[PDB]
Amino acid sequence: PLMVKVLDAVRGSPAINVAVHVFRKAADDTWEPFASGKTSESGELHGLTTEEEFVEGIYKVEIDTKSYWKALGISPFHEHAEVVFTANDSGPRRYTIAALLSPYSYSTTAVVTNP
């Protein structure tokens, strides 16, 4: 139900080995750890959560962009990219959180499907 995809707009490629941390806003309004991983050779991170565990709520996806650009010898602007959204608030959905990265810019979109 939750997948993250990261692309590199400088090289025209998947962004490989990018670290991702996912949080859920708790009953008390603080950010509780939820899931993490690194992108694959296809720039994708699967297997973050299960349908059962991915209940309605506010989630934060942090994508560690800065370390990615440094490893490539390219000077970056942002510390990371943070995507904060409400999930499943009309019922269970499958989410792809995509990020397209440049050193001084990024784009993020959600593709939300109903099985």
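Basically, rigid core = biggest C-alpha set you can superpose within 1.5 Å across the two forms. Each residue number is its position in the shown sequence, starting from 1.
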Report the stretch with the higher root mean square CA deviation, pooled over structures and residues in 7 other deposited structures of this protein, choosing between 54-62 and 81-89 after a rigid core fit. 81-89
Could you check whether 35-43 or 72-80 drifts more from the shown form in 7 other deposited structures of this protein, using RMS Cα distance once the core is superposed? 72-80
Averaging C-alpha B-factors over each stretch, which comes out higher, 19-27 or 96-104? 19-27
Mean C-alpha B factor from the entry: is it higher for 30-38 or for 57-65? 30-38
In terms of the chain's CA B-factor thirds, is residue 51 lowest, middle or highest? highest
Residue 44: C-alpha B-factor third of its chain, per the entry, is the lowest
